[PDB]
Structures are given as C-alpha cells and as structure tokens.
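Starting off, we have a lone chain in the form deposited without the partner chain, written out as structure tokens.
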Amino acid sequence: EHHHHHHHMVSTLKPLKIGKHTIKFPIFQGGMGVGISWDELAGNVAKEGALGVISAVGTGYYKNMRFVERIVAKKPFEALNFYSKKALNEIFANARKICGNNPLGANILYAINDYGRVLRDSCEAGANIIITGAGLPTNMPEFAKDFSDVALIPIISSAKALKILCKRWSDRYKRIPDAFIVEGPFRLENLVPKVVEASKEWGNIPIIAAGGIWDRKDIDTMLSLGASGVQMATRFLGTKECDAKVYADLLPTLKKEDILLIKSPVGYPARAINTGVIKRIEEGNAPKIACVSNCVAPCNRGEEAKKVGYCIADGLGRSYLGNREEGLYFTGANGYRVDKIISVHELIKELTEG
C-alpha cells in the first residue's frame, strides 16, 4: 500500500495566497542551512504543493565548492564565495526541474554579511518569496525593488515587531509585508492570537505559525487560533530528500537528552545535537578558528567565534560535506521524535490527508 504521485489525495486544507503566489497546502517547509534545504528537498516539497524553501546561506559549499572562485583551507573565501550567486542559481534551477513553476522561497538570515546582495541574488535566481529572521528586517523592499512580484516575509516573535515592521515599511516603501512567520524565542499558542490581532490594523496579513509543529493535529490547532498556515522544519529534516545526507543516519538514533541549546557567533542561540564539533570542543579537540568565509556581521571576522568556541560557517559546511567528526548539527526540539526516514511525498500525505 503505497500512495504515488499519480494518485489523488483528498484534503480539507485550503490553498494559501501569499502576495501574487498560491500554494496548494498551507504548509511551509522551513529553510535550513547549510545545505539542508537545497534542490532535492525544496524541489520535492514544492512538487507536492507546499512551499519549498531554498536556504541561501553558505551556497558556496554546494557540490564541494563547485562554484567558488577562491578556496582557503577548504573553505569558501569571503562572503562573495560563501554566498555564491552561481551556486544559488544552479540550486534554484535544479529545484525547478522537479517542481516546475510551483512557488519556491529563499530563506536569508538578516545577520549575514552582504544581506542585500543575497536577497537580490535570490530574486534573480527565481525565488517567488523571501523569508528573513535573525534580526528585524526593516529594509527588505530596498533590495527587491526590481522584482515587484517577489513576496517578502519577516520572521517575528511579537506583535510589537509586526506593528514596527508594517509602519517602517509603509512609511518608507509604500508597501507592507506579504506575510509574517511567528516563532517563539512566549508559547506559540498565546503568541499567534496576539499577532493575528495586531495584523488586523494592517489588513489581515497572513500569519504563519512556526516552531514545534509536528503533525496535522498541531496544524489544525494553529489554524484554529487564526494562523493562515504553518512552517515546519524538523519534520522535513527527517525526509529522504534532505540535501544533507548525514541527518538520515543521525536522527533515527537521536535521544532527547542529546539535544541542547548553545551559544553562537551570530549572537542568537541555536539548538544543536550533542555530537561533532560540540563533542570535539569538550574533549579539547576543537578545530582551529580563523575566519575565512566571513559569514555573519555580529561575529566581527572571528571575534565572537573565538569566544564561543566554534565557527558556524565552517561547522555547518563540514556537515553538508559529510563530516561526522567536526560537523555542526542542528535540530528543532522535536528531533528525537524522528524514527523512520520517510519520503517528502509520504510526509505531505500524512500532514494533508483529510
């Protein structure tokens, strides 16, 4: 008993309009770097009618630095090669060999260096939607002016941030966000109604709930609270089509006690698997830190990486390249609930049937 792409699926979930774009199911696959949500994952998610989201961070690592001009110590040299336009273009092109013209997003952290350049690169590569968190992105329209149809979606954690972003954008660009993703840094079941309420002032911008959403019962709860859709990362992290192939080996064995919150050179906490570089640091076998890729502004070219003990660009790139000893591995809080690695098709069927 296997459901295939030529079979029908009956859903009571309704299509979701984001700006000029429509997705069949009110579900975003959350962007995941480095190299977790590239062409295979994002293309297959979009093929199924959810929003596939390509992570635009660290694209220089794609296919072992296929598209970088300069390499240093096996790393992309500087932001121009770490956020590689040519790699981003090929990732989008390969996604669309799978999903065609179905909508695709690009996720870009606001804290990266060359943020505006990577936003414009994402539009030029074919992104229909830009998603940005890790900051308060008050100038997203500045870099998208040449791409009127690309929808812009900040990630926020409060109704105050919604009101601020809508006012700043409206006053400066005569435009407001096309959607908001709401995530806790405070429980999601109390944040969503507050943000939904605040959006009323600005025209019922769709609100996408994110964080800890696992199954259709969680989706239904979120829609009942006024959310227009959900964003899910960890569930897709555990699919076969994930572009970082180590996770299919790592998640099935992952126990709750091995998930932990850590500091980062970006100045935002991350949730990591207690393995790889995190174990190397505690042994006193930490990899050398010497900023090559210059990934994020808050680090100041290695100042903060040296303080917290690891380089996030180096560690996340090593994981994409298959490095179990020195890679950095992330997970949502529900990562320990992954037992089987299933297909994207199987997952979407589970989340949408009925």
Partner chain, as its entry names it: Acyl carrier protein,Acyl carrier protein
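Residue numbers count along the first chain shown, from 1.
Only in words, not in the display: the form deposited with the partner chain bound, which the text now covers.
In plain terms, the part of the chain that comes close to the partner chain in the entry with it bound, with a heavy atom within 4.5 Å, is 158-166 out of 125-133, 243-251, 158-166, 276-284. A heavy atom within 4.5 Å of the partner chain in the entry with it bound is found for exactly one of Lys74, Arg172, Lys217, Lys256: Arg172. Contact between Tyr110 and the partner chain in the entry with it bound is found at the 4.5 Å heavy atom cutoff. Although the partner is absent here, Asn94 sits far enough away that none of its heavy atoms falls within 4.5 Å of the partner chain in the entry with it bound.
Contact annotation: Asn139 falls within 4.5 Å of the partner chain in the entry with it bound, judged by heavy atom distances.
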